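Protein chains in written order, with the entry's author numbering: chain LC, 107 to 158; chain Lj, 2 to 87; chain LL, 2 to 159; chain Ll, 2 to 51; chain LN, 70 to 204; chain Lh, 2 to 123; chain LY, 1 to 134.
Ideal Cβ positions, reconstructed from N, Cα and C, are used throughout, including at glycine.
First up is the structure itself, then whatever we jot down about it.
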Amino acid sequence: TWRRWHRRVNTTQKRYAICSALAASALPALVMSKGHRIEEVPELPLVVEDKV
Amino acid sequence: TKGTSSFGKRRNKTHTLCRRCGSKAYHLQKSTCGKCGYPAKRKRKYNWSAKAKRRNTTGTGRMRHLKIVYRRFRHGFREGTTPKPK
Amino acid sequence: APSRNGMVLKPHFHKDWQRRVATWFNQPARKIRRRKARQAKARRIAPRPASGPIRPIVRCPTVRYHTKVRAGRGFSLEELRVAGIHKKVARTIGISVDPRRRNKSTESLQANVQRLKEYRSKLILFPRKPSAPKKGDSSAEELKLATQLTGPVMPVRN
Amino acid sequence: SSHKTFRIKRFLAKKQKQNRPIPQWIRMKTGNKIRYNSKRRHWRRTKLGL
Amino acid sequence: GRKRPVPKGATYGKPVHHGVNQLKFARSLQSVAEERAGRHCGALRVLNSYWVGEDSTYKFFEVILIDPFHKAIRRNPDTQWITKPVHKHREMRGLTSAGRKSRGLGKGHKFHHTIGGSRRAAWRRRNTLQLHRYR
Amino acid sequence: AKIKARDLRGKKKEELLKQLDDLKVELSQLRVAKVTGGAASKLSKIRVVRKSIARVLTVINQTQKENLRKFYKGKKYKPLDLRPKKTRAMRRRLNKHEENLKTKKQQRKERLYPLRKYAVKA
Amino acid sequence: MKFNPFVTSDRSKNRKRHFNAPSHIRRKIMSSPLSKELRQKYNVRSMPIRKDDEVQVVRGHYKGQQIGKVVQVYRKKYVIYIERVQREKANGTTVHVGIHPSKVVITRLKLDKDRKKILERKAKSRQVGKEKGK
RNA sequence: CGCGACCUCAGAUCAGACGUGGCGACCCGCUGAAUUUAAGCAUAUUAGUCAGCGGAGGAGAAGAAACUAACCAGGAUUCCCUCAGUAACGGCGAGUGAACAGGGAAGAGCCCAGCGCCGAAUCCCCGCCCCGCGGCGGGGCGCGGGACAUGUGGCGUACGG
RNA sequence: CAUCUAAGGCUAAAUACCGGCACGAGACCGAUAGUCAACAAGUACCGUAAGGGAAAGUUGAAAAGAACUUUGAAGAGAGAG
RNA sequence: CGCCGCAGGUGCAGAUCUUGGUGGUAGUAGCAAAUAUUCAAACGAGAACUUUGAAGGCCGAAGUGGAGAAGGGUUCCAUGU
RNA sequence: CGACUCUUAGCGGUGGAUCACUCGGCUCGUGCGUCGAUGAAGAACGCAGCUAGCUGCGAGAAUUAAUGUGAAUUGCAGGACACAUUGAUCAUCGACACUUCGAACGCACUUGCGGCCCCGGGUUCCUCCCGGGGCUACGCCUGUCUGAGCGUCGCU
Ligand SMILES: [Mg+2]
Ligand SMILES: [Mg+2]
Ligand SMILES: [Mg+2]
Ligand SMILES: [Mg+2]
Ligand SMILES: [Mg+2]
Ligand SMILES: [Mg+2]
Ligand SMILES: [Mg+2]
Ligand SMILES: [Mg+2]
Ligand SMILES: [Mg+2]
Ligand SMILES: [Mg+2]
Ligand SMILES: [Mg+2]
Ligand SMILES: [Mg+2]
Ligand SMILES: [Mg+2]
Ligand SMILES: [Mg+2]
Ligand SMILES: [Mg+2]
Ligand SMILES: [Mg+2]
Ligand SMILES: [Mg+2]
Ligand SMILES: [Mg+2]
Ligand SMILES: [Mg+2]
Ligand SMILES: [Mg+2]
Ligand SMILES: [Mg+2]
Ligand SMILES: [Mg+2]
Ligand SMILES: [Mg+2]
Ligand SMILES: [Mg+2]
Ligand SMILES: [Mg+2]
Ligand SMILES: [Mg+2]
Ligand SMILES: [Mg+2]
Ligand SMILES: [Mg+2]
Ligand SMILES: [Mg+2]
Ligand SMILES: [Mg+2]
Ligand SMILES: [Mg+2]
Ligand SMILES: [Mg+2]
Ligand SMILES: [Mg+2]
Ligand SMILES: [Mg+2]
Ligand SMILES: [Mg+2]
Ligand SMILES: [Zn+2]
């Protein structure tokens with residue numbers, strides 16, 4: 107049971123990966139390469155009003 | 002002769018059934034059980050045999066009283082009261 | 002056998018360590034259990050400070066740390082005597098008392114009693130009988146201004 | 002032997018009653034999983050404990 | 070002292086364990102006397118004991134026992150503690166004054182062997198490998 | 002044609018014993034039919050009569066026990082089977098009275114310095 | 001999805017409860033939907049199967065509009081036996097074919113004091129649900 | 001030369017209670033090796049560990065300083081991080097090895113004996129009456145027994161009273 | 001000079017938990033694996049005894065588990081279903 | 001199941017390897033200690049071996065006889081397969 | 001020509017690999033954290049209409065009562081069960097019951113034998129026989145009664 111299941115990542119590296127993931131989610135080529143069927147989406151950084 | 006010839010002579014029982022633990026380890030000549038140590042108040046039990054301990058531990062028998070204790074604990078060991086009659 | 006350059010290592014694994022290995026898989030459960038106990042305790046002492054009694058200002062002992070100030074165990078009897086608080090009434094109103102600590106300087110003594118005066122001024126006292134207030138506090142100060150404090154009471158800064 | 006105690010005779014009585022075939026209607030029960038008495042004992046083949 | 074109970078003084082092993090005489094019991098004779106009083110009167114609770122005399126071959130101690138089920142004990146606070154189930158047979162666990170003296174308990178630099186409650190409590194905490202989730 | 006404990010409880014001890022005796026005679030005849038062939042109807046009545054014997058005896062035992070509990074109600078010493086059977090350890094516990102009585106010193110401390118309700122402003 | 005931490009979603013556990021269920025909850029497991037007319041008459045959707053009520057089979061080999069009366073509720077095999085749902089075996093007799101109650105619809109309810117009470121309770125809880133969600 | 005009082009003892013199928021034995025993962029008190037490592041081996045190591053014995057509880061033990069410190073001083077116990085593979089121990093070989101300060105989790109303090117004052121103020125048991133049954137309690141009554149001046153109870157415990 | 005006041009006693013919380021009761025979960029194993037034991041498993045059986053200790057899951061949706069004829073003393077077959 | 005990553009109880013001819021199964025040997029060794037069987041009939045599908053009758057034999061009273069102790073535990077006895 | 005033998009394939013056997021399945025484990029976590037002289041753990045022997053094992057139970061013996069539920073149980077049979085002059089089954093479980101050993105408790109056991117007090121019968125109350133019931137273990141505390149001592153004393 108003491109197999110060292112867990113790893114610790116640096117906070118700055120974890121914040122780095124969030125910045126990269128957010129930036130990629132604003133490029134239509136990368137989201138289409140994930141296969142998300144964004145062909146009729148009016149704008150890839152899709153923002154909706156706070157009513158939702 | 003130590004082999005087959007001597008095997009014919011064994012006809013006197015060393016051990017018998019034990020009134021405690023019900024095993025055939027009650028040495029008749031010593032009046033002592035080799036499994037439970039019956040004339041002793043305390044049960045014979047050794048940590049060098051974990052397999053033997055789990056053969057005769059609590060839960061391997063009937064637990065006539067303990068299974069009712071486990072049932073009664075879930076309600077706080079209530080006595081003297083009955084469900085409300087219909 | 003050693004091989005080329007390296008450290009001379011002395012691992013303390015000659016003593017059947019595998020029978021005593023403390024895994025920490027219950028660490029997240031322990032944090033949750035401790036957190037729930039804090040929230041339950043804070044609810045139990047409803048308007049009182051959640052952290053507990055106010056602790057005194059204390060200077061760390063050795064020459065490595067004497068430039069630093071932290072929180073002690075309780076206010077000394079000399080502090081309570083010259084601040085005008087009985088040592089048996091202080092514990093009931095939320096003041097920690099340490100009878101075995103003495104004062105060696107008037108600087109630390111005066112800083113701690115000034116702390117006690119400020120706490121006593123900040124203290125809202127509910128009357129023992131809610132219908133009959135004897136000497137506790139004004140009804141306006143405890144109608145809605147009485148809220149449960151979080152964190153240490155007047156945290157000890159440097 | 003002919004000479005025996007009551008405790009020993011009672012022990013042999015239980016073993017005699019226990020050594021018998023299973024009933025035929027058991028095979029028709031739902032989810033039986035029992036084919037034949039696996040605890041059958043013969044006097045010559047396997048000796049009793051005592 | 071305690072003579073090692075081995076047949077013919079034979080302690081089969083390395084010479085450091087060949088000692089048979091000049092060996093000493095880890096608990097005092099007063100603790101032994103309290104143990105024998107408590108074991109005989111299993112329905113009573115040992116409180117303390119004291120020294121009343123000695124000769125060359127015997128030591129005499131008088132042991133104070135309490136009946137935990139007497140009404141004079143149970144109806145009186147400040148002595149109800151002895152009636153609690155956790156206090157049965159203190160003398161067999163070294164919780165009396167005489168028994169406790171042999172455990173190395175105390176405060177300070179002279180009693181580091183028992184930080185944690187006892188010698189075994191200290192030994193476990195020091196010989197246990199804390200293998201965290203994140204190493 | 003069965004026997005119910007609900008309507009058995011009105012009966013007196015005398016007719017309860019009579020009803021038990023008739024059931025025991027009936028069962029002994031049913032055991033006779035069992036070993037002499039009998040019929041499937043009489044064989045299946047064996048369990049019904051046996052349950053009826055258990056039913057009558059249960060009402061008899063309950064009535065006697067509840068009469069003894071009423072008899073020893075309020076008396077200093079009761080039979081052990083009439084005392085509570087919580088747990089051996091639970092019976093050795095201090096009762097609610099002596100778990101709640103306190104010394105005069107403890108009473109004086111709480112009379113003089115009772116725990117107060119207070120709040121601290123930020 | 002399921003948020004109750006004291007309810008298991010383990011497949012092995014769920015099957016174990018199903019196949020080892022006591023008879024009094026095997027009755028709830030062996031429930032059948034009511035017909036469209038019955039679902040309109042009483043505000044209930046389903047009901048546990050009963051000995052003497054009439055159902056019609058909607059799935060399997062015995063599909064049809066035939067209103068056959070139940071003749072047996074064999075809870076151990078989780079099946080029911082229906083009047084004309086039967087098959088002729090080798091020797092010449094006819095034997096009933098077990099059908100799961102989830103594959104029939106109850107056209108007529110065998111009504112009594114207990115069935116009416118359960119029907120009222122189920123309908124009342126449904127009306128409480130719709131008045132909450134309205 | 002009997003009758004009493006006390007002391008120390010004994011018997012009872014005396015009235016009323018209590019202990020035993022089991023489980024034993026965790027905990028407490030003892031007892032306690034050798035295989036092993038040291039490339040041999042005896043001190044050492046394994047290890048205060050395995051085995052052995054006893055005693056508990058839902059936790060146990062510990063615990064409110066005959067403490068740490070040497071500082072501008074801290075302040076019961078227990079647990080975690082660190083101190084630290086360090087100070088130190090060791091055929092100073094193989095190997096072994098804490099503590100203080102610091103940061104946190106939790107945090108709670110107290111009681112006797114003794115010295116004294118108070119007409120033993122104290123406690124148990126047995127009956128009678130009432131209120132209640134719930135872990136058997138209260139209130140009262142008894143020129144009713146017993147415990148106790150070879151010391152019960154109240155005040156009071158080093159923080160002084 | 002500093003520090004405490006031993007040889008009497010109690011005390012919750014944070015802490016431990018491979019036995020027990022009741023639960024939940026899994027980048028685990030999938031019937032020579034995983035507990036010895038998925039099954040009438042500490043069972044059958046072995047040993048005087050202490051003790052040792054297995055093998056062994058799967059018809060089908062439903063028994064609808066082959067009526068009946070025929071050869072043979074039957075096991076077993078040929079048709080039929 | 002493919003592709004991108006992730007993680008292993010991840011690859012067998014050997015270990016006089018473990019467990020299970022199967023061959024050649026091989027229709028082979030063998031079914032040879034204590035003198036011995038034969039005729040007729042019955043039952044029966046079937047008779048060297050069962051049963052009955054007739055012979056010839058053996059144990060030869062320290063028995064291959066009649067009973068017990070220990071041990072076995074229903075082996076006792078009828079009927080049937 | 002065949003036999004035999006070898007190779008390959010089809011089919012049929014022997015065997016149970018592989019794969020798919022899984023009411024089982026293993027591991028981690030959580031909440032509780034409860035045995036016993038009022039007789040535990042464990043053992044033995046019994047208990048079903050047809051029942052050997054497992055399971056459940058204790059001479060009230062595959063269960064009584066109560067409560068909740070509400071028409072079954074089922075391998076076969078039998079029989080209940082207006083489901084409202086009350087109810088199959090199942091579950092829960094708080095009433096009642098709970099054989100013999102076992103700390104095991106009258107003494108002792110590979111057997112068996114006592115004693116005391118009551119009740120019933122043969123006796124026709126006196127104590128013999130039979131049955132039933134309740135007692136009869138060790139240690140220990142408080143009190144009680146009965147005592148012992150050329151122990152210390154007082155009166156005599
Ligand atoms: Mg030999
Ligand atoms: Mg012998
Ligand atoms: Mg033989
Ligand atoms: Mg050595
Ligand atoms: Mg006092
Ligand atoms: Mg008595
Ligand atoms: Mg060496
Ligand atoms: Mg070597
Ligand atoms: Mg060597
Ligand atoms: Mg050990
Ligand atoms: Mg014990
Ligand atoms: Mg404690
Ligand atoms: Mg303590
Ligand atoms: Mg102190
Ligand atoms: Mg470092
Ligand atoms: Mg060491
Ligand atoms: Mg904190
Ligand atoms: Mg005093
Ligand atoms: Mg396996
Ligand atoms: Mg397979
Ligand atoms: Mg054949
Ligand atoms: Mg591998
Ligand atoms: Mg392979
Ligand atoms: Mg291979
Ligand atoms: Mg190779
Ligand atoms: Mg041949
Ligand atoms: Mg031959
Ligand atoms: Mg001759
Ligand atoms: Mg003979
Ligand atoms: Mg015969
Ligand atoms: Mg071929
Ligand atoms: Mg093939
Ligand atoms: Mg019932
Ligand atoms: Mg004898
Ligand atoms: Mg005298
Ligand atoms: Zn035994």
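Taking the alpha carbon of residue i as the reference point, which residue from the options has its own alpha carbon closest?
i: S53 of chain Lh; options: Lh:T88, Lh:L17 and Lh:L83; result: Lh:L17
i: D82 of chain Lh; options: Lh:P115, Lh:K66, Lh:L113 and Lh:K19; result: Lh:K66
i: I55 of chain LL; options: LL:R92, LL:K135 and LL:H15; result: LL:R92
i: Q86 of chain LY; options: LY:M47, LY:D114, LY:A21 and LY:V70; result: LY:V70
i: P154 of chain LN; options: Lh:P85, Lh:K118 and Lh:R94; result: Lh:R94
i: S106 of chain LL; options: LL:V59, LL:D138 and LL:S122; result: LL:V59
i: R115 of chain LY; options: LY:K51, LY:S23, LY:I67 and LY:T8; result: LY:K51
i: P12 of chain LL; options: LN:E103, LN:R204, LN:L198 and LN:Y203; result: LN:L198
i: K87 of chain Lh; options: Lj:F78, Lj:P84 and Lj:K87; result: Lj:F78
i: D23 of chain Lh; options: Lh:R7, Lh:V50, Lh:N101 and Lh:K103; result: Lh:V50
i: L144 of chain LL; options: LL:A112, LL:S97, LL:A23 and LL:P131; result: LL:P131
i: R194 of chain LN; options: LL:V90, LL:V22, LL:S4 and LL:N6; result: LL:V22
i: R143 of chain LN; options: Lh:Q63, Lh:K13, Lh:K97 and Lh:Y73; result: Lh:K97
i: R73 of chain LN; options: LN:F94, LN:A102 and LN:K83; result: LN:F94
Rounded to whole angstroms, how far is the Cβ of residue i from the Cβ of residue j, which I believe are closer than 8 Å?
i: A123 of chain Lh; j: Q149 of chain LL; result: Going by Cβ atoms, the distance from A123 of chain Lh to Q149 of chain LL rounds to 10 Å, so no, they are not a contact pair.
i: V75 of chain LN; j: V89 of chain LN; result: 7 Å
i: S77 of chain LL; j: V154 of chain LL; result: Contact doesn't hold; Cβ gap of about 18 Å is too wide.
i: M30 of chain LY; j: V73 of chain LY; result: 7 Å
i: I99 of chain LY; j: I82 of chain LY; result: 6 Å
i: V44 of chain LY; j: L111 of chain LY; result: With a Cβ gap of about 13 Å, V44 of chain LY and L111 of chain LY do not count as contacting.
i: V55 of chain LY; j: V104 of chain LY; result: 4 Å
i: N38 of chain Ll; j: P22 of chain Ll; result: 6 Å
i: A167 of chain LN; j: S100 of chain LN; result: 5 Å
Report the partner residues of residue i according to the DSSP bridge assignment.
i: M47 of chain LY; result: LY:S32
i: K69 of chain LY; result: LY:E54
i: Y119 of chain Lh; result: LL:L126
i: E123 of chain LN; result: LN:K128
i: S4 of chain LL; result: In the DSSP output, where bridge partners are listed per residue, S4 of chain LL has none listed.
i: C37 of chain Lj; result: In DSSP, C37 of chain Lj forms no bridge with anything.
Give the list of continuous alpha helix (DSSP H) stretches no shorter than 4 residues that lie fully inside the segment 86-150 of chain LL. Counting only runs of 4 or more residues that sit fully inside the segment 86-150 of chain LL, the alpha helix (DSSP H) segments are 107-123 and 140-144, in chain order.
Pick out the complete alpha helix (DSSP H) segments inside the segment 155-204 of chain LN, 4 residues or longer, and give them in chain order. Runs of alpha helix (DSSP H) with 4 or more residues, each lying fully within the segment 155-204 of chain LN, are found at 166-169 and 188-196, listed in chain order.
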